[PDB]
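To keep things clear, I will list the structure first and then write my remarks on it.
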Amino acid sequence: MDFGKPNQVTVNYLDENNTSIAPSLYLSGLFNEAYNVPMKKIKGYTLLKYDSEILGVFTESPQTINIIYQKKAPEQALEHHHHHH
């Protein structure tokens, strides 16, 4: 069983509501390669945080990296509407 198994890393550019504001980036490099994480400053956001699991090698299964960019604009023009779903 080695068919249908990509070694690509799924990089997600998350906003805040766990929504990716950019199409999930399929990082495709060499197999067992130690890669770098592609980062882009979207709309002037500050990198909120990413998960510690980034430094390693392209695995035999699609790895998922959550890269979150937080709005560096204060909660004056930004409204968080809290409701019970």
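Rule-based calculations on the coordinates, nothing more; no lab input. We place every Cβ from the backbone using ideal geometry, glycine too, and count neighbours over all the protein chains shown.
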In region 24-74, which residue that is closer than 24 Å to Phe3 by Cβ and of a type in the set (A, V, I, L, M) is nearest to the chain's Cα centre (by Cα)? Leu25
Test: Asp51 is charged (D, E, K, R) and either touching a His at 6+ places or on another chain (Cβ under 7 Å) or surrounded by 12 or more Cβ atoms within 10 Å (Cβ to Cβ) (or both): no
Region 8-17, subset assigned to a loop (DSSP other than H, G, I, E, B) and touching a strand residue (DSSP E or B) at 6+ places or on another chain (Cβ under 9 Å), residue surrounded by the most Cβ atoms within 10 Å (Cβ to Cβ): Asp15
Can you pull out every residue in region 26-64 that is of a type in the set (A, V, I, L, M) and in a loop (DSSP other than H, G, I, E, B)? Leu30, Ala34, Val37, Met39, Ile54, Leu55, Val57
Kindly indicate whether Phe31 is farther than 30 Å from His81 by Cβ, among the hydrophobic types (A, V, I, L, M, F, W, C) and exposed (fewer than 12 other Cβ atoms within 10 Å of the Cβ). yes
All but one of (1) free of Cβ contacts under 8 Å to residues at least 12 places away in the same chain; (2) in contact with a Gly (Cβ under 9 Å, 6 or more places away or on another chain) hold for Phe58; which doesn't? (1)
One residue is enough: does region 8-23 have a residue meeting the conditions touching a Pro at 6+ places or on another chain (Cβ under 8 Å) and of a type in the set (S, T, N, Q)? yes
Going through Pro62, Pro74 one at a time, which residue ends up being surrounded by fewer than 10 Cβ atoms within 10 Å (Cβ to Cβ) and not aliphatic (A, V, I, L, M)? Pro74
Failed condition for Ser20, given (1) farther than 30 Å from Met1 by Cβ; (2) surrounded by 15 or more Cβ atoms within 10 Å (Cβ to Cβ); (3) free of Cβ contacts under 8 Å to residues at least 24 places away in the same chain, with all others met? (1)
